[PDB]
file upload-v5.pdb (PDB, C-alpha atoms)
ATOM      1  CA  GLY A   1      71.334 125.675 130.048  1.00  0.00           C
ATOM      2  CA  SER A   2      74.522 127.713 130.201  1.00  0.00           C
ATOM      3  CA  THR A   3      76.488 127.088 127.002  1.00  0.00           C
ATOM      4  CA  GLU A   4      79.805 127.495 128.841  1.00  0.00           C
ATOM      5  CA  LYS A   5      79.197 124.267 130.761  1.00  0.00           C
ATOM      6  CA  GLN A   6      78.072 122.358 127.708  1.00  0.00           C
ATOM      7  CA  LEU A   7      81.325 123.439 126.086  1.00  0.00           C
ATOM      8  CA  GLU A   8      83.492 123.034 129.173  1.00  0.00           C
ATOM      9  CA  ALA A   9      82.376 119.453 129.774  1.00  0.00           C
ATOM     10  CA  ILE A  10      83.108 118.512 126.189  1.00  0.00           C
ATOM     11  CA  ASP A  11      86.269 120.601 126.009  1.00  0.00           C
ATOM     12  CA  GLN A  12      87.884 118.087 128.327  1.00  0.00           C
ATOM     13  CA  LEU A  13      86.859 115.647 125.616  1.00  0.00           C
ATOM     14  CA  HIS A  14      88.464 117.942 123.042  1.00  0.00           C
ATOM     15  CA  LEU A  15      91.453 117.539 125.334  1.00  0.00           C
ATOM     16  CA  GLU A  16      91.610 113.801 124.735  1.00  0.00           C
ATOM     17  CA  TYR A  17      90.927 114.366 121.050  1.00  0.00           C
ATOM     18  CA  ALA A  18      93.875 116.743 120.832  1.00  0.00           C
ATOM     19  CA  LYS A  19      95.980 114.305 122.834  1.00  0.00           C
ATOM     20  CA  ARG A  20      95.384 111.373 120.491  1.00  0.00           C
ATOM     21  CA  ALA A  21      94.928 113.250 117.220  1.00  0.00           C
ATOM     22  CA  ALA A  22      98.306 114.881 117.838  1.00  0.00           C
ATOM     23  CA  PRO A  23     100.603 111.809 117.393  1.00  0.00           C
ATOM     24  CA  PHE A  24      98.155 110.368 114.873  1.00  0.00           C
ATOM     25  CA  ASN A  25      98.357 113.478 112.696  1.00  0.00           C
ATOM     26  CA  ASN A  26     102.111 113.252 112.948  1.00  0.00           C
ATOM     27  CA  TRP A  27     102.086 109.556 112.140  1.00  0.00           C
ATOM     28  CA  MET A  28      99.816 109.934 109.128  1.00  0.00           C
ATOM     29  CA  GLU A  29     101.961 112.787 107.856  1.00  0.00           C
ATOM     30  CA  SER A  30     105.309 111.022 108.269  1.00  0.00           C
ATOM     31  CA  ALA A  31     103.883 107.852 106.742  1.00  0.00           C
ATOM     32  CA  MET A  32     102.237 109.705 103.867  1.00  0.00           C
ATOM     33  CA  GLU A  33     105.470 111.608 103.315  1.00  0.00           C
ATOM     34  CA  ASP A  34     107.569 108.462 103.001  1.00  0.00           C
ATOM     35  CA  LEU A  35     104.860 106.659 101.047  1.00  0.00           C
ATOM     36  CA  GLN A  36     104.536 109.580  98.636  1.00  0.00           C
ATOM     37  CA  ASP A  37     108.256 109.759  97.930  1.00  0.00           C
ATOM     38  CA  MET A  38     109.652 107.296  95.422  1.00  0.00           C
ATOM     39  CA  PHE A  39     112.122 105.088  97.215  1.00  0.00           C
ATOM     40  CA  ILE A  40     115.601 104.662  95.808  1.00  0.00           C
ATOM     41  CA  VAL A  41     117.711 101.627  96.640  1.00  0.00           C
ATOM     42  CA  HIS A  42     121.239 100.569  95.785  1.00  0.00           C
ATOM     43  CA  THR A  43     121.886  97.191  97.316  1.00  0.00           C
ATOM     44  CA  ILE A  44     119.579  94.250  97.996  1.00  0.00           C
ATOM     45  CA  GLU A  45     119.779  94.783 101.762  1.00  0.00           C
ATOM     46  CA  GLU A  46     118.132  98.170 101.248  1.00  0.00           C
ATOM     47  CA  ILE A  47     115.437  96.724  99.023  1.00  0.00           C
ATOM     48  CA  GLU A  48     114.442  94.261 101.747  1.00  0.00           C
ATOM     49  CA  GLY A  49     114.867  96.838 104.494  1.00  0.00           C
ATOM     50  CA  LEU A  50     112.471  99.121 102.662  1.00  0.00           C
ATOM     51  CA  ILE A  51     110.026  96.237 102.536  1.00  0.00           C
ATOM     52  CA  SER A  52     110.509  95.665 106.285  1.00  0.00           C
ATOM     53  CA  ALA A  53     109.350  99.275 106.649  1.00  0.00           C
ATOM     54  CA  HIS A  54     106.140  98.108 104.978  1.00  0.00           C
ATOM     55  CA  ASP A  55     106.105  94.952 107.094  1.00  0.00           C
ATOM     56  CA  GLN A  56     105.895  96.856 110.381  1.00  0.00           C
ATOM     57  CA  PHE A  57     103.449  99.151 108.602  1.00  0.00           C
ATOM     58  CA  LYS A  58     101.065  96.287 107.896  1.00  0.00           C
ATOM     59  CA  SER A  59     101.055  95.615 111.634  1.00  0.00           C
ATOM     60  CA  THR A  60     100.638  99.206 112.793  1.00  0.00           C
ATOM     61  CA  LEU A  61      97.870  99.901 110.276  1.00  0.00           C
ATOM     62  CA  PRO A  62      95.133  97.752 111.978  1.00  0.00           C
ATOM     63  CA  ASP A  63      96.106  99.330 115.307  1.00  0.00           C
ATOM     64  CA  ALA A  64      96.168 102.928 114.083  1.00  0.00           C
ATOM     65  CA  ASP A  65      93.004 102.108 112.146  1.00  0.00           C
ATOM     66  CA  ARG A  66      91.175 101.434 115.389  1.00  0.00           C
ATOM     67  CA  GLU A  67      92.901 104.529 116.770  1.00  0.00           C
ATOM     68  CA  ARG A  68      91.131 106.663 114.157  1.00  0.00           C
ATOM     69  CA  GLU A  69      87.834 105.111 115.259  1.00  0.00           C
ATOM     70  CA  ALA A  70      88.775 105.617 118.916  1.00  0.00           C
ATOM     71  CA  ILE A  71      89.417 109.275 118.140  1.00  0.00           C
ATOM     72  CA  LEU A  72      85.930 109.647 116.734  1.00  0.00           C
ATOM     73  CA  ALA A  73      84.893 107.711 119.826  1.00  0.00           C
ATOM     74  CA  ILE A  74      86.026 110.777 121.753  1.00  0.00           C
ATOM     75  CA  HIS A  75      84.462 113.222 119.299  1.00  0.00           C
ATOM     76  CA  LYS A  76      81.061 111.539 119.563  1.00  0.00           C
ATOM     77  CA  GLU A  77      80.715 112.814 123.121  1.00  0.00           C
ATOM     78  CA  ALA A  78      82.054 116.262 122.271  1.00  0.00           C
ATOM     79  CA  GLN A  79      80.059 116.623 119.050  1.00  0.00           C
ATOM     80  CA  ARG A  80      76.690 115.259 120.109  1.00  0.00           C
ATOM     81  CA  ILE A  81      76.150 118.348 122.246  1.00  0.00           C
ATOM     82  CA  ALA A  82      76.652 120.515 119.158  1.00  0.00           C
ATOM     83  CA  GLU A  83      74.297 118.307 117.181  1.00  0.00           C
ATOM     84  CA  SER A  84      71.518 118.688 119.758  1.00  0.00           C
ATOM     85  CA  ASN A  85      72.075 122.183 121.166  1.00  0.00           C
ATOM     86  CA  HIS A  86      72.711 125.433 119.359  1.00  0.00           C
ATOM     87  CA  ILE A  87      76.177 125.912 120.824  1.00  0.00           C
ATOM     88  CA  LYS A  88      78.862 128.156 119.362  1.00  0.00           C
ATOM     89  CA  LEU A  89      82.063 126.242 118.692  1.00  0.00           C
ATOM     90  CA  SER A  90      84.964 128.331 117.416  1.00  0.00           C
ATOM     91  CA  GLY A  91      85.335 126.294 114.250  1.00  0.00           C
ATOM     92  CA  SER A  92      86.242 122.617 114.134  1.00  0.00           C
ATOM     93  CA  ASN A  93      88.244 122.330 117.355  1.00  0.00           C
ATOM     94  CA  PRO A  94      89.964 124.666 119.873  1.00  0.00           C
ATOM     95  CA  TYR A  95      93.057 122.576 120.583  1.00  0.00           C
ATOM     96  CA  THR A  96      93.570 120.395 117.518  1.00  0.00           C
ATOM     97  CA  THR A  97      92.477 121.659 114.110  1.00  0.00           C
ATOM     98  CA  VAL A  98      91.393 118.321 112.699  1.00  0.00           C
ATOM     99  CA  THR A  99      87.999 117.410 111.310  1.00  0.00           C
ATOM    100  CA  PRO A 100      86.719 113.788 111.338  1.00  0.00           C
ATOM    101  CA  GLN A 101      86.948 113.838 107.537  1.00  0.00           C
ATOM    102  CA  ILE A 102      90.454 115.290 107.632  1.00  0.00           C
ATOM    103  CA  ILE A 103      91.633 112.397 109.802  1.00  0.00           C
ATOM    104  CA  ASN A 104      89.608 109.767 107.918  1.00  0.00           C
ATOM    105  CA  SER A 105      90.531 110.869 104.399  1.00  0.00           C
ATOM    106  CA  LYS A 106      94.152 111.232 105.517  1.00  0.00           C
ATOM    107  CA  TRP A 107      94.022 107.606 106.596  1.00  0.00           C
ATOM    108  CA  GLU A 108      92.498 106.758 103.222  1.00  0.00           C
ATOM    109  CA  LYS A 109      95.453 108.515 101.592  1.00  0.00           C
ATOM    110  CA  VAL A 110      97.833 106.400 103.658  1.00  0.00           C
ATOM    111  CA  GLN A 111      95.969 103.217 102.695  1.00  0.00           C
ATOM    112  CA  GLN A 112      95.896 104.075  99.009  1.00  0.00           C
ATOM    113  CA  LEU A 113      99.675 104.573  98.993  1.00  0.00           C
ATOM    114  CA  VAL A 114     100.226 101.178 100.620  1.00  0.00           C
ATOM    115  CA  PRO A 115      99.691  98.979  97.472  1.00  0.00           C
ATOM    116  CA  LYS A 116     101.552 101.437  95.233  1.00  0.00           C
ATOM    117  CA  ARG A 117     104.651 101.101  97.397  1.00  0.00           C
ATOM    118  CA  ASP A 118     104.039  97.420  98.129  1.00  0.00           C
ATOM    119  CA  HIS A 119     103.939  96.800  94.398  1.00  0.00           C
ATOM    120  CA  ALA A 120     106.981  98.879  93.500  1.00  0.00           C
ATOM    121  CA  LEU A 121     108.978  97.306  96.328  1.00  0.00           C
ATOM    122  CA  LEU A 122     108.349  93.723  95.266  1.00  0.00           C
ATOM    123  CA  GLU A 123     108.841  94.556  91.593  1.00  0.00           C
ATOM    124  CA  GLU A 124     112.162  96.259  92.312  1.00  0.00           C
ATOM    125  CA  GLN A 125     113.317  93.511  94.669  1.00  0.00           C
ATOM    126  CA  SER A 126     112.494  90.910  92.013  1.00  0.00           C
ATOM    127  CA  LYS A 127     114.643  92.789  89.508  1.00  0.00           C
ATOM    128  CA  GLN A 128     117.593  92.707  91.888  1.00  0.00           C
ATOM    129  CA  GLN A 129     119.778  89.662  92.455  1.00  0.00           C
TER     130      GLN A 129
END
call {"tool": "encode", "arguments": {"input": "upload-v5.pdb", "output": "structure tokens"}}
result
Amino acid sequence: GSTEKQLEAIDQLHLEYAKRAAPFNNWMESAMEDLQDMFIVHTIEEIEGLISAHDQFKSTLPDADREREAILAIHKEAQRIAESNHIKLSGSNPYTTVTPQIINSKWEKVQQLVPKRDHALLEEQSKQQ
């Protein structure tokens, strides 16, 4: 079995991985960035608006959550060949340098920052007016 074909057929799967992991890696980063940073508010409108940013987050989470699983759902086809045949992949991925753990643990980082911000938001908003 020519390795090139076993890589080529799953490289088109790497294609879909790179296509979906791309916005997801951007999303996780932007979210983690904002979630990491301590929010500063002046007026009450900003304190609620910041919470609205968590509102729409609580709705996107379950969707992007399944997205992470759907990304592994692409990798299962492209990885199973490497797990059965002694192929020679050039590292983790040719198009998108993301490992399953990197995307999963990044999600876990996003999730862990959710309550921290959700707590600070409500505490701050309750100390407002």
call {"tool": "closest_residue", "arguments": {"input": "upload-v5.pdb", "among": "A:108, A:8, A:29, A:123", "to": "residue 51 (chain A)", "atoms": "only C-alpha atoms"}}
result
A:123
call {"tool": "residues_around", "arguments": {"input": "upload-v5.pdb", "residues": "residue 58 (chain A)", "least_positions_apart": "3", "cutoff": "12 Å", "atoms": "all atoms listed in the file", "output": "ChimeraX atom specification"}}
result
/A:31,51-55,61-65,110-111,114-115,118
call {"tool": "atom_distance", "arguments": {"input": "upload-v5.pdb", "atom1": "CA of residue 81 (chain A)", "atom2": "CA of residue 98 (chain A)"}}
result
18.0 Å
call {"tool": "atom_distance", "arguments": {"input": "upload-v5.pdb", "atom1": "CA of residue 71 (chain A)", "atom2": "CA of residue 35 (chain A)"}}
result
23.2 Å
call {"tool": "atom_distance", "arguments": {"input": "upload-v5.pdb", "atom1": "CA of residue 16 (chain A)", "atom2": "CA of residue 95 (chain A)"}}
result
9.8 Å
